[PDB]
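Have a look at the structure below before the remarks.
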Amino acid sequence: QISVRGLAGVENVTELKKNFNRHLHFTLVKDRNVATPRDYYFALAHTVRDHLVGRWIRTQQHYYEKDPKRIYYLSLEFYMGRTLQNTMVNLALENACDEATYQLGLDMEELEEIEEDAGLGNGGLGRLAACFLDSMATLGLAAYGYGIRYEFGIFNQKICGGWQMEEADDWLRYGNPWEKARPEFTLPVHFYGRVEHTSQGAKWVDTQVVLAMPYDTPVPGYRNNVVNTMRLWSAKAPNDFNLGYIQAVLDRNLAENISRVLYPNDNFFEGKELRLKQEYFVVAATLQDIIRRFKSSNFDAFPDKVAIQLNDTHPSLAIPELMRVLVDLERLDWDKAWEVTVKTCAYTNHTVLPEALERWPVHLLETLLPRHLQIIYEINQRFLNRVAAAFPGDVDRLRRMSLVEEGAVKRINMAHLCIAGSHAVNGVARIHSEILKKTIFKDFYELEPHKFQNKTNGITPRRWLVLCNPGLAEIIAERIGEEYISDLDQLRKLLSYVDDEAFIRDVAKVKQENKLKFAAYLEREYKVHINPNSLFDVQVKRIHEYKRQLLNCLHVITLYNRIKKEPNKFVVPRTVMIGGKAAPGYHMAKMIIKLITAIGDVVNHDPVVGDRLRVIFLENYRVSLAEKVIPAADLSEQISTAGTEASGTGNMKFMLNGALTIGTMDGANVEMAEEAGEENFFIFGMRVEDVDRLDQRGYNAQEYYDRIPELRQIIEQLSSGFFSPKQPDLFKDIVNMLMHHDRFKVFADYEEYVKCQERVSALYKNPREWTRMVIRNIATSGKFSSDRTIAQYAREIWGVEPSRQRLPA
Ligand SMILES: O=C(/C=C/c1ccc(O)c(O)c1)O[C@@H]1C[C@](O)(C(=O)O)C[C@H](O)[C@@H]1O
Ligand SMILES: *Cc1c(COP(=O)(O)O)cnc(C)c1O
């Protein structure tokens, strides 16, 4: 029906129909009379997968024959979402599959909704890994994503009586048609044991063995016939494990628990043994695979054929594991092995919050990984000898830079290990990378300035425009053609349409159509009744104090109080939508969800407010829900305290999809404003330097309460039970934190936020000028393609040239 979805040729549709029927009969063992909607989805998925396999086999052969440098992207999280539609998009099959399914009496969009998200990540870090795989394949790089096949991904969120409840995400229950088990590449991973020194060096002995079984998933590039691999490891017990008899067999579960569940902690490090086991498991299995593939081409060439990218410190044990293999097993001298290791590894940092840094207790590493601890101590001693020679007498610098932190419990600082053992260290937006050089890693920058880089984050325009917003993709394609989908800078050409009355109308119509469709989805799945003429004000992301959902809540209560004070005054109607998951042990984040729902309970049932203000908590925010809500948004809330959000990527998704942004000068917001023009962004609040100045004097929240009567009224409403009438003190923890212990200075940005929100409302009353500003944002969003990001990694870190040429079909 629309050009960006491809051709529906006669031969193609006919063939798709016959293969669909073949899978329904032979694969699923059903006839049309007893087939359930789930059967139809599986028949379709198997049909589409059949089109990947020839290209997958041919791509992997091509890499064997050409022998390029291989890129290994190591991550504990891959937040992939659904695969069916993405696969159709990248193989240009969407219109054909639509027509084929239509002709069988089926609605393809309905079948798409049956697929489970692959929710193998928490938020931004996991999704960046998924966007990166898509871009690496689209740029023709010989790239592999390596992680863990968690049996249970991020929990499904239910809201009961306004409180978050967690339930298990049993995403594999019905099977996964995209993965291929590769039991023949099963490898042993070792734990515990002890170290014996011999004439022939050290030996790690008396270990427990767990098997790592790989499952491969295809990663198709955009219309270029490249299909790369994501390899995920699953834990299996050996067959003699513990071998009364019954209990020995049941105890196999202890080994297999390694790959059972994703830790749901976004930004709060816990030193749990099971998590450490996951980290080593993924590293040890992956490195054996890497070395195997390298041997089937002398270790001096290893960094010419291999790059390893560490997605945060979670796979940081790759550094001492590579040293262990090179020294203990291959018998390279230390200095040679270290040179190879450093030249092979690179590290990406994703946060500056100190509570998110991995600092493992020494006693844990000593029991679990005794040889690795010895290697780490040796790395540290040699590293500090270099620091001492560069900065003689600077004894305090030696303690600050050490990998080993002294204290009540000794710990290993994993970030310090990653810097020491990597040839490149990068942050994820310009301001963040600057902050790394000036503050937390200043000592390391002074020692080795050349290591430190920036690579500003991006998002894939396949998932985040073509897939989720085909209406927008099409009206763009009508004027500038299709090339922009793999070269997003071509969106700049849209600036010449900013005064085009037809283009203005089309852009605004697409937003309206997306809003209507989203409003309908709300009514159907969640019984909720919104006004699609209102401004859609959305904040979706994980719930954390630094992201300041609480600041949004204060604004919502302010509008409510203004309405109550002057009920017969006109106000621009809003639907305020907030969604996101809280980590199960994070009490304050759970209290914030309850506050949002309790505000909703008052505001949504006040007859004086009417349809002028609605507050909705979007349950179970995940990749598939992001694809629905983001195209429907008018206003994107990106309101973290300056200095706390390393980059953000939700921000970029909203910009691409025709929302305007209200935000602080934080993370990538800075670069987004710079690209669009500050006049086309709603910027407010303290800059990083203002936060610094306040810290030096001391933040006193009382001063703001004392000086702003509107803020004082809200705090008194919260305290006295206005929003919790049956439990008057329900929110006293929230009040106490804001008044006495707020690390993120919510009150300090309140006045400027409210004023800036009044300017947003003023512009929304003038649809033509609203839409013109939107066009200026979409037109300048090209920098934020993950294709640009990956090209920079490839050239500046990995030493490989991207390619846009097709492989033969
Ligand atoms: O998602 C994470 C961290 C996850 C994490 C930390 C510690 C753990 O122990 C853990 O299990 C997870 O950071 C993201 C990264 C980001 O989306 C990006 O570059 O992609 C940029 C954002 O600003 C955001 O802060
Ligand atoms: C993009 C995305 C995120 C990251 O959003 P931020 O606003 O950058 O934290 C988190 N969760 C999901 C499901 C996403 O798609």
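Going through the structure tokens in order, the chains are called A, B, and so on, while each chain numbers its residues from 1 and the ligands are numbered from 1 in the order shown.
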Practice item. Could the residues that lie within 6 Å of ligand 1, counting only C-alpha atoms and all ligand atoms, be listed as JSON, numbers by chain? Key: {"A": [123, 124, 125, 128, 265, 266, 267, 268, 269, 350, 351, 356, 428, 645, 646, 647, 648, 649]}
Keeping only N, CA and C atoms, write those residues as a PDB file, in the first residue's frame.
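As a result, out.pdb now contains:
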```pdb
ATOM      1  N   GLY A 123      17.328  -1.214  29.785  1.00  0.00           N
ATOM      2  CA  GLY A 123      17.001   0.093  29.260  1.00  0.00           C
ATOM      3  C   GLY A 123      17.982   0.474  28.194  1.00  0.00           C
ATOM      4  N   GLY A 124      18.536   1.672  28.356  1.00  0.00           N
ATOM      5  CA  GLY A 124      19.395   2.323  27.356  1.00  0.00           C
ATOM      6  C   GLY A 124      20.637   1.557  26.886  1.00  0.00           C
ATOM      7  N   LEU A 125      21.404   1.005  27.818  1.00  0.00           N
ATOM      8  CA  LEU A 125      22.586   0.222  27.472  1.00  0.00           C
ATOM      9  C   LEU A 125      22.255  -1.027  26.613  1.00  0.00           C
ATOM     10  N   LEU A 128      20.997   0.124  23.117  1.00  0.00           N
ATOM     11  CA  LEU A 128      22.107   0.580  22.276  1.00  0.00           C
ATOM     12  C   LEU A 128      22.836  -0.567  21.600  1.00  0.00           C
ATOM     13  N   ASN A 265      18.606  -4.627  37.875  1.00  0.00           N
ATOM     14  CA  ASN A 265      19.235  -3.387  38.403  1.00  0.00           C
ATOM     15  C   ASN A 265      19.896  -2.484  37.356  1.00  0.00           C
ATOM     16  N   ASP A 266      19.188  -1.429  37.010  1.00  0.00           N
ATOM     17  CA  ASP A 266      19.645  -0.305  36.197  1.00  0.00           C
ATOM     18  C   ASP A 266      20.365   0.585  37.300  1.00  0.00           C
ATOM     19  N   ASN A 267      21.602   1.022  37.080  1.00  0.00           N
ATOM     20  CA  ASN A 267      22.296   1.969  38.025  1.00  0.00           C
ATOM     21  C   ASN A 267      22.303   1.702  39.612  1.00  0.00           C
ATOM     22  N   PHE A 268      22.346   0.446  40.082  1.00  0.00           N
ATOM     23  CA  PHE A 268      22.732   0.164  41.507  1.00  0.00           C
ATOM     24  C   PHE A 268      23.510  -1.153  41.730  1.00  0.00           C
ATOM     25  N   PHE A 269      24.841  -1.067  41.786  1.00  0.00           N
ATOM     26  CA  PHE A 269      25.678  -2.275  41.843  1.00  0.00           C
ATOM     27  C   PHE A 269      25.462  -3.078  43.148  1.00  0.00           C
ATOM     28  N   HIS A 350      29.225   4.005  30.374  1.00  0.00           N
ATOM     29  CA  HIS A 350      27.834   4.452  30.279  1.00  0.00           C
ATOM     30  C   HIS A 350      27.237   5.173  31.485  1.00  0.00           C
ATOM     31  N   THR A 351      28.016   5.467  32.522  1.00  0.00           N
ATOM     32  CA  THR A 351      27.488   6.289  33.632  1.00  0.00           C
ATOM     33  C   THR A 351      28.565   6.826  34.537  1.00  0.00           C
ATOM     34  N   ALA A 356      26.629   2.986  40.637  1.00  0.00           N
ATOM     35  CA  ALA A 356      26.523   2.090  39.493  1.00  0.00           C
ATOM     36  C   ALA A 356      27.878   1.413  39.106  1.00  0.00           C
ATOM     37  N   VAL A 428      29.784   8.524  25.745  1.00  0.00           N
ATOM     38  CA  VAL A 428      28.663   8.237  24.875  1.00  0.00           C
ATOM     39  C   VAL A 428      27.924   9.503  24.443  1.00  0.00           C
ATOM     40  N   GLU A 645      22.650  12.189  33.142  1.00  0.00           N
ATOM     41  CA  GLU A 645      22.289  11.314  32.009  1.00  0.00           C
ATOM     42  C   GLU A 645      23.444  11.316  31.031  1.00  0.00           C
ATOM     43  N   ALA A 646      24.188  10.213  30.935  1.00  0.00           N
ATOM     44  CA  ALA A 646      25.397  10.191  30.084  1.00  0.00           C
ATOM     45  C   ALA A 646      25.111  10.622  28.646  1.00  0.00           C
ATOM     46  N   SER A 647      24.075  10.042  28.058  1.00  0.00           N
ATOM     47  CA  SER A 647      23.647  10.409  26.713  1.00  0.00           C
ATOM     48  C   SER A 647      22.130  10.587  26.641  1.00  0.00           C
ATOM     49  N   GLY A 648      21.431   9.500  26.926  1.00  0.00           N
ATOM     50  CA  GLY A 648      20.052   9.293  26.579  1.00  0.00           C
ATOM     51  C   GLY A 648      19.986   8.749  25.139  1.00  0.00           C
ATOM     52  N   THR A 649      19.018   7.883  24.875  1.00  0.00           N
ATOM     53  CA  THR A 649      18.626   7.559  23.478  1.00  0.00           C
ATOM     54  C   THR A 649      17.141   7.709  23.181  1.00  0.00           C
TER      55      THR A 649
END
```
Find the spatial neighbours of stretch 559-568 of chain A, counting only C-alpha atoms, within a cut-off of 10 Å - ignore same-chain residues fewer than 5 positions away - and output them as a short mmCIF file (atom, residue, chain, number, x, y, z; two decimals) with C-alpha atoms, in the first residue's frame.
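File produced: around_11.cif:
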```cif
data_model
loop_
_atom_site.label_atom_id
_atom_site.label_comp_id
_atom_site.auth_asym_id
_atom_site.auth_seq_id
_atom_site.Cartn_x
_atom_site.Cartn_y
_atom_site.Cartn_z
CA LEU A 554 5.29 18.69 40.55
CA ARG A 574 -2.81 17.88 28.01
CA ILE A 599 -2.18 11.98 41.19
CA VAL A 602 -7.47 12.69 41.88
CA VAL A 603 -7.00 14.54 38.57
CA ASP A 606 -12.35 15.83 39.09
CA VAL A 608 -14.03 20.73 37.16
CA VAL A 609 -10.92 19.59 35.21
CA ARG A 612 -8.45 19.51 30.11
CA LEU A 613 -5.92 17.37 32.05
CA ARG A 614 -5.37 13.59 32.20
CA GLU A 710 3.02 27.36 44.52
CA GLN A 713 1.20 24.43 48.47
CA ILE A 714 2.18 21.17 46.66
CA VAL A 754 7.11 25.60 34.94
#
```
Within 8 Å of ligand 2, which residues of chain A come that close, and what is the closest atom pair and distance in Å for each? Count only C-alpha atoms and all ligand atoms and give it as JSON lines.
```
{"residue": "A:79", "atom": "CA", "partner": "ligand 2", "partner_atom_place_in_ligand_line": "13 (C)", "distance": 7.8}
{"residue": "A:122", "atom": "CA", "partner": "ligand 2", "partner_atom_place_in_ligand_line": "11 (N)", "distance": 6.9}
{"residue": "A:123", "atom": "CA", "partner": "ligand 2", "partner_atom_place_in_ligand_line": "10 (C)", "distance": 3.7}
{"residue": "A:124", "atom": "CA", "partner": "ligand 2", "partner_atom_place_in_ligand_line": "4 (C)", "distance": 3.7}
{"residue": "A:125", "atom": "CA", "partner": "ligand 2", "partner_atom_place_in_ligand_line": "4 (C)", "distance": 7.6}
{"residue": "A:127", "atom": "CA", "partner": "ligand 2", "partner_atom_place_in_ligand_line": "2 (C)", "distance": 6.1}
{"residue": "A:128", "atom": "CA", "partner": "ligand 2", "partner_atom_place_in_ligand_line": "1 (C)", "distance": 7.8}
{"residue": "A:539", "atom": "CA", "partner": "ligand 2", "partner_atom_place_in_ligand_line": "7 (O)", "distance": 7.8}
{"residue": "A:540", "atom": "CA", "partner": "ligand 2", "partner_atom_place_in_ligand_line": "7 (O)", "distance": 6.2}
{"residue": "A:541", "atom": "CA", "partner": "ligand 2", "partner_atom_place_in_ligand_line": "7 (O)", "distance": 4.5}
{"residue": "A:542", "atom": "CA", "partner": "ligand 2", "partner_atom_place_in_ligand_line": "9 (O)", "distance": 6.1}
{"residue": "A:580", "atom": "CA", "partner": "ligand 2", "partner_atom_place_in_ligand_line": "11 (N)", "distance": 7.7}
{"residue": "A:621", "atom": "CA", "partner": "ligand 2", "partner_atom_place_in_ligand_line": "13 (C)", "distance": 6.1}
{"residue": "A:622", "atom": "CA", "partner": "ligand 2", "partner_atom_place_in_ligand_line": "13 (C)", "distance": 3.8}
{"residue": "A:623", "atom": "CA", "partner": "ligand 2", "partner_atom_place_in_ligand_line": "13 (C)", "distance": 3.9}
{"residue": "A:624", "atom": "CA", "partner": "ligand 2", "partner_atom_place_in_ligand_line": "13 (C)", "distance": 7.4}
{"residue": "A:625", "atom": "CA", "partner": "ligand 2", "partner_atom_place_in_ligand_line": "13 (C)", "distance": 7.3}
{"residue": "A:626", "atom": "CA", "partner": "ligand 2", "partner_atom_place_in_ligand_line": "15 (O)", "distance": 5.4}
{"residue": "A:627", "atom": "CA", "partner": "ligand 2", "partner_atom_place_in_ligand_line": "15 (O)", "distance": 7.7}
{"residue": "A:638", "atom": "CA", "partner": "ligand 2", "partner_atom_place_in_ligand_line": "7 (O)", "distance": 7.1}
{"residue": "A:647", "atom": "CA", "partner": "ligand 2", "partner_atom_place_in_ligand_line": "8 (O)", "distance": 7.1}
{"residue": "A:648", "atom": "CA", "partner": "ligand 2", "partner_atom_place_in_ligand_line": "8 (O)", "distance": 3.5}
{"residue": "A:649", "atom": "CA", "partner": "ligand 2", "partner_atom_place_in_ligand_line": "8 (O)", "distance": 3.7}
{"residue": "A:650", "atom": "CA", "partner": "ligand 2", "partner_atom_place_in_ligand_line": "7 (O)", "distance": 3.8}
{"residue": "A:651", "atom": "CA", "partner": "ligand 2", "partner_atom_place_in_ligand_line": "7 (O)", "distance": 5.9}
{"residue": "A:653", "atom": "CA", "partner": "ligand 2", "partner_atom_place_in_ligand_line": "1 (C)", "distance": 7.0}
```
Suppose we keep C-alpha atoms; can you now write the selection as an mmCIF file, in the first residue's frame?
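Output file result-v4.cif is given in full below:
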```cif
data_model
loop_
_atom_site.group_PDB
_atom_site.id
_atom_site.type_symbol
_atom_site.label_atom_id
_atom_site.label_comp_id
_atom_site.auth_asym_id
_atom_site.auth_seq_id
_atom_site.Cartn_x
_atom_site.Cartn_y
_atom_site.Cartn_z
ATOM 1 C CA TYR A 79 17.291 -5.454 24.289
ATOM 2 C CA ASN A 122 16.987 -3.145 31.238
ATOM 3 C CA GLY A 123 17.001 0.093 29.260
ATOM 4 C CA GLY A 124 19.395 2.323 27.356
ATOM 5 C CA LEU A 125 22.586 0.222 27.472
ATOM 6 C CA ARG A 127 18.910 -1.108 23.502
ATOM 7 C CA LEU A 128 22.107 0.580 22.276
ATOM 8 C CA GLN A 539 8.099 10.726 29.776
ATOM 9 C CA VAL A 540 9.055 7.109 29.182
ATOM 10 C CA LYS A 541 12.293 5.577 30.549
ATOM 11 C CA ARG A 542 13.284 3.583 33.665
ATOM 12 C CA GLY A 580 8.769 2.868 33.035
ATOM 13 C CA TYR A 621 7.041 -0.028 29.156
ATOM 14 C CA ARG A 622 9.217 -2.058 26.807
ATOM 15 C CA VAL A 623 10.519 -1.907 23.210
ATOM 16 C CA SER A 624 7.166 -2.872 21.634
ATOM 17 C CA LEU A 625 5.322 -0.188 23.638
ATOM 18 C CA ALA A 626 7.998 2.417 22.710
ATOM 19 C CA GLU A 627 7.246 1.725 19.000
ATOM 20 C CA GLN A 638 14.216 14.813 28.954
ATOM 21 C CA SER A 647 23.647 10.409 26.713
ATOM 22 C CA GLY A 648 20.052 9.293 26.579
ATOM 23 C CA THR A 649 18.626 7.559 23.478
ATOM 24 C CA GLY A 650 14.852 7.926 24.049
ATOM 25 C CA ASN A 651 15.505 11.614 23.366
ATOM 26 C CA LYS A 653 13.733 8.523 19.078
#
```
Check your understanding: Between atom CA of residue A:82 and atom CA of residue A:111, what is the spacing in Å?
Key -> 11.9 Å
Check your understanding: If you count only C-alpha atoms, which residues fall within 9 Å of stretch 276-278 of chain A, apart from same-chain ones fewer than 4 positions away, as a ChimeraX atom specification?
Key -> /A:76,148,191,258-259,271-272,282-283,314,360,364-365,368
Check your understanding: What lies within 9 Å of residue A:227 using only C-alpha atoms, ignoring chain neighbours under 2 positions off, as a ChimeraX atom specification?
Key -> /A:52-53,55-60,137-138,218-221,224-225,229
With N, CA and C atoms retained, export the selected residues as a PDB file, in the first residue's frame.
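The resulting result.pdb:
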```pdb
ATOM      1  N   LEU A  52      15.840 -15.606   5.169  1.00  0.00           N
ATOM      2  CA  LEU A  52      17.117 -15.213   5.769  1.00  0.00           C
ATOM      3  C   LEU A  52      18.224 -16.223   5.493  1.00  0.00           C
ATOM      4  N   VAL A  53      17.906 -17.515   5.448  1.00  0.00           N
ATOM      5  CA  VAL A  53      18.937 -18.537   5.701  1.00  0.00           C
ATOM      6  C   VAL A  53      20.027 -18.605   4.624  1.00  0.00           C
ATOM      7  N   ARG A  55      21.061 -16.167   2.686  1.00  0.00           N
ATOM      8  CA  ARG A  55      21.875 -14.970   2.936  1.00  0.00           C
ATOM      9  C   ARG A  55      22.786 -15.098   4.172  1.00  0.00           C
ATOM     10  N   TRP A  56      22.306 -15.781   5.201  1.00  0.00           N
ATOM     11  CA  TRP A  56      23.083 -16.057   6.417  1.00  0.00           C
ATOM     12  C   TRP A  56      24.247 -17.015   6.141  1.00  0.00           C
ATOM     13  N   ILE A  57      23.960 -18.097   5.431  1.00  0.00           N
ATOM     14  CA  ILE A  57      24.981 -19.065   5.076  1.00  0.00           C
ATOM     15  C   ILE A  57      26.018 -18.384   4.168  1.00  0.00           C
ATOM     16  N   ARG A  58      25.552 -17.593   3.204  1.00  0.00           N
ATOM     17  CA  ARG A  58      26.449 -16.946   2.237  1.00  0.00           C
ATOM     18  C   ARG A  58      27.337 -15.864   2.879  1.00  0.00           C
ATOM     19  N   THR A  59      26.765 -15.096   3.818  1.00  0.00           N
ATOM     20  CA  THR A  59      27.534 -14.088   4.556  1.00  0.00           C
ATOM     21  C   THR A  59      28.672 -14.735   5.374  1.00  0.00           C
ATOM     22  N   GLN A  60      28.364 -15.800   6.110  1.00  0.00           N
ATOM     23  CA  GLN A  60      29.396 -16.427   6.977  1.00  0.00           C
ATOM     24  C   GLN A  60      30.519 -17.067   6.160  1.00  0.00           C
ATOM     25  N   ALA A 137      25.548  -4.575  10.710  1.00  0.00           N
ATOM     26  CA  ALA A 137      25.117  -5.396   9.585  1.00  0.00           C
ATOM     27  C   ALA A 137      24.833  -4.553   8.353  1.00  0.00           C
ATOM     28  N   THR A 138      24.167  -3.415   8.555  1.00  0.00           N
ATOM     29  CA  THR A 138      23.864  -2.480   7.477  1.00  0.00           C
ATOM     30  C   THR A 138      25.136  -1.851   6.871  1.00  0.00           C
ATOM     31  N   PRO A 218      19.926 -14.640  13.689  1.00  0.00           N
ATOM     32  CA  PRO A 218      20.370 -13.822  12.532  1.00  0.00           C
ATOM     33  C   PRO A 218      20.096 -12.319  12.709  1.00  0.00           C
ATOM     34  N   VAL A 219      21.015 -11.478  12.228  1.00  0.00           N
ATOM     35  CA  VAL A 219      20.897 -10.040  12.321  1.00  0.00           C
ATOM     36  C   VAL A 219      21.026  -9.478  10.898  1.00  0.00           C
ATOM     37  N   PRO A 220      19.894  -9.211  10.250  1.00  0.00           N
ATOM     38  CA  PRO A 220      19.949  -8.807   8.838  1.00  0.00           C
ATOM     39  C   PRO A 220      20.286  -7.321   8.673  1.00  0.00           C
ATOM     40  N   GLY A 221      21.168  -6.989   7.741  1.00  0.00           N
ATOM     41  CA  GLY A 221      21.399  -5.576   7.387  1.00  0.00           C
ATOM     42  C   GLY A 221      20.267  -5.047   6.514  1.00  0.00           C
ATOM     43  N   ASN A 224      20.819  -5.159   1.988  1.00  0.00           N
ATOM     44  CA  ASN A 224      22.143  -5.387   1.467  1.00  0.00           C
ATOM     45  C   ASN A 224      22.569  -6.846   1.456  1.00  0.00           C
ATOM     46  N   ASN A 225      21.655  -7.758   1.808  1.00  0.00           N
ATOM     47  CA  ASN A 225      21.925  -9.189   1.842  1.00  0.00           C
ATOM     48  C   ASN A 225      23.017  -9.641   2.792  1.00  0.00           C
ATOM     49  N   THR A 229      25.529 -12.491  12.943  1.00  0.00           N
ATOM     50  CA  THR A 229      25.112 -13.404  14.019  1.00  0.00           C
ATOM     51  C   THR A 229      25.189 -12.759  15.386  1.00  0.00           C
TER      52      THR A 229
END
```
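Atom CA of residue A:327 is positioned 23.0 Å from atom CA of residue A:212.
The smallest atom-to-atom distance between residue A:777 and any of A:654, A:280, A:185, A:518, using only C-alpha atoms, is found for A:654.
Selecting strand (DSSP E or B) from the backbone DSSP output for stretch 278-471 of chain A yields residues 306, 307, 308, 309, 310, 311, 345, 346, 347, 348, 359, 360, 361, 404, 405, 411, 412, 413, 424, 425, 426, 427, 452, 453, 454 and 459 of chain A.
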Store the residues picked out above, limited to N, CA, C and O atoms, as a tab-separated table (two decimals), in the first residue's frame.
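Wrote part_26.tsv, looks like this:
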```tsv
chain	number	residue	atom	x	y	z
A	306	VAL	N	41.17	-9.21	15.29
A	306	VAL	CA	40.19	-9.24	16.36
A	306	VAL	C	40.11	-7.87	17.04
A	306	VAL	O	41.14	-7.29	17.42
A	307	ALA	N	38.89	-7.37	17.17
A	307	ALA	CA	38.57	-6.27	18.10
A	307	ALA	C	37.52	-6.76	19.11
A	307	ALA	O	36.56	-7.42	18.73
A	308	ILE	N	37.71	-6.43	20.39
A	308	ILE	CA	36.74	-6.75	21.44
A	308	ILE	C	36.29	-5.43	22.07
A	308	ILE	O	37.13	-4.68	22.59
A	309	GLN	N	34.99	-5.16	21.98
A	309	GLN	CA	34.36	-4.00	22.56
A	309	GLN	C	33.58	-4.36	23.83
A	309	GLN	O	32.70	-5.21	23.80
A	310	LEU	N	33.94	-3.73	24.94
A	310	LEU	CA	33.38	-4.04	26.24
A	310	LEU	C	32.26	-3.05	26.49
A	310	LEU	O	32.50	-1.84	26.58
A	311	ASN	N	31.03	-3.55	26.57
A	311	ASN	CA	29.86	-2.72	26.81
A	311	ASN	C	29.73	-2.50	28.32
A	311	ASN	O	29.17	-3.34	29.05
A	345	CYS	N	41.43	-4.87	23.10
A	345	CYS	CA	40.28	-4.42	23.90
A	345	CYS	C	40.03	-2.90	23.88
A	345	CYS	O	40.94	-2.10	23.84
A	346	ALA	N	38.76	-2.54	23.91
A	346	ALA	CA	38.30	-1.17	24.07
A	346	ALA	C	37.07	-1.16	24.98
A	346	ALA	O	36.28	-2.13	25.03
A	347	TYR	N	36.90	-0.06	25.73
A	347	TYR	CA	35.89	0.03	26.78
A	347	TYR	C	35.01	1.27	26.59
A	347	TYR	O	35.52	2.38	26.43
A	348	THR	N	33.71	1.06	26.67
A	348	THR	CA	32.71	2.13	26.64
A	348	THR	C	32.12	2.27	28.02
A	348	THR	O	31.56	1.31	28.57
A	359	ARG	N	32.50	-2.72	41.73
A	359	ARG	CA	33.63	-2.82	42.65
A	359	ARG	C	33.48	-4.14	43.42
A	359	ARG	O	32.92	-4.17	44.50
A	360	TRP	N	34.02	-5.21	42.85
A	360	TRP	CA	33.82	-6.53	43.40
A	360	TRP	C	34.69	-6.78	44.63
A	360	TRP	O	35.90	-6.49	44.60
A	361	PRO	N	34.10	-7.36	45.70
A	361	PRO	CA	34.95	-7.74	46.83
A	361	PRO	C	36.01	-8.76	46.44
A	361	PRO	O	35.71	-9.73	45.71
A	404	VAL	N	43.04	-1.85	43.09
A	404	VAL	CA	42.66	-2.43	44.35
A	404	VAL	C	42.29	-1.29	45.30
A	404	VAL	O	43.12	-0.46	45.59
A	405	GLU	N	41.04	-1.25	45.73
A	405	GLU	CA	40.57	-0.28	46.71
A	405	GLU	C	40.70	-0.85	48.10
A	405	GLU	O	40.16	-1.91	48.39
A	411	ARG	N	38.27	-4.20	47.57
A	411	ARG	CA	37.51	-4.38	46.35
A	411	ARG	C	38.39	-4.08	45.13
A	411	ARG	O	39.36	-3.31	45.24
A	412	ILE	N	38.04	-4.69	44.00
A	412	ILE	CA	38.62	-4.38	42.70
A	412	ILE	C	37.74	-3.39	41.95
A	412	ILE	O	36.55	-3.65	41.72
A	413	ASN	N	38.30	-2.26	41.56
A	413	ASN	CA	37.60	-1.29	40.74
A	413	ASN	C	37.70	-1.71	39.25
A	413	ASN	O	38.78	-1.57	38.63
A	424	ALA	N	41.47	2.09	23.92
A	424	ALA	CA	40.50	3.21	23.79
A	424	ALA	C	39.46	3.12	24.88
A	424	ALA	O	38.98	2.04	25.20
A	425	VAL	N	39.08	4.29	25.39
A	425	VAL	CA	38.04	4.46	26.36
A	425	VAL	C	37.16	5.58	25.81
A	425	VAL	O	37.67	6.65	25.45
A	426	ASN	N	35.86	5.34	25.72
A	426	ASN	CA	34.94	6.35	25.23
A	426	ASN	C	33.73	6.54	26.10
A	426	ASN	O	33.23	5.61	26.73
A	427	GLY	N	33.29	7.80	26.19
A	427	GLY	CA	31.96	8.12	26.66
A	427	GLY	C	31.03	8.19	25.46
A	427	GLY	O	31.45	8.01	24.31
A	452	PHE	N	41.54	8.43	25.39
A	452	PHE	CA	40.19	8.93	25.66
A	452	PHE	C	39.50	9.53	24.43
A	452	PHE	O	40.03	10.41	23.79
A	453	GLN	N	38.31	9.01	24.11
A	453	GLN	CA	37.54	9.47	22.94
A	453	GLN	C	36.11	9.73	23.32
A	453	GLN	O	35.66	9.35	24.41
A	454	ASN	N	35.38	10.36	22.40
A	454	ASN	CA	33.92	10.44	22.43
A	454	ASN	C	33.34	9.67	21.25
A	454	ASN	O	33.89	9.72	20.15
A	459	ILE	N	20.58	5.93	17.25
A	459	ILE	CA	19.49	4.93	17.17
A	459	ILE	C	19.34	4.50	15.72
A	459	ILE	O	19.70	5.25	14.80
```
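For the set A:51, A:707, A:149, A:783, the residue with the smallest atom-to-atom gap to residue A:234 is A:149, counting only C-alpha atoms.
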Practice item. Extract the full set of alpha helix (DSSP H) residues from stretch 547-646 of chain A according to DSSP on the backbone, and format it as a ChimeraX atom specification. Key: /A:549-565,587-603,623-629
Exercise for review: Identify, on the basis of only C-alpha atoms, every residue whose closest approach to residue A:588 does not exceed 8 Å; exclude the query and any residue fewer than 5 positions from it along the same chain; express the result as a PyMOL selection string.
Suggested key: chain A and resi 545+733-734
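Between residue A:702 and the residues A:737, A:589, A:476, A:616, the shortest atom-to-atom distance, using only C-alpha atoms, involves A:737.
For residue A:584, the residues within 9 Å (counting only C-alpha atoms, excluding itself and residues fewer than 3 positions away along the chain) are residues 164, 165, 166, 264, 265, 581, 587, 589 and 590 of chain A.
As for atom CA of residue A:794 and atom CA of residue A:644, they are spaced 27.5 Å apart.
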Exercise for review: Might you pull out every residue within 8 Å of stretch 18-26 of chain A, with only C-alpha atoms counted and same-chain residues fewer than 6 positions away left off, and present them as a ChimeraX atom specification?
Suggested key: /A:39-40,43-44,46-47
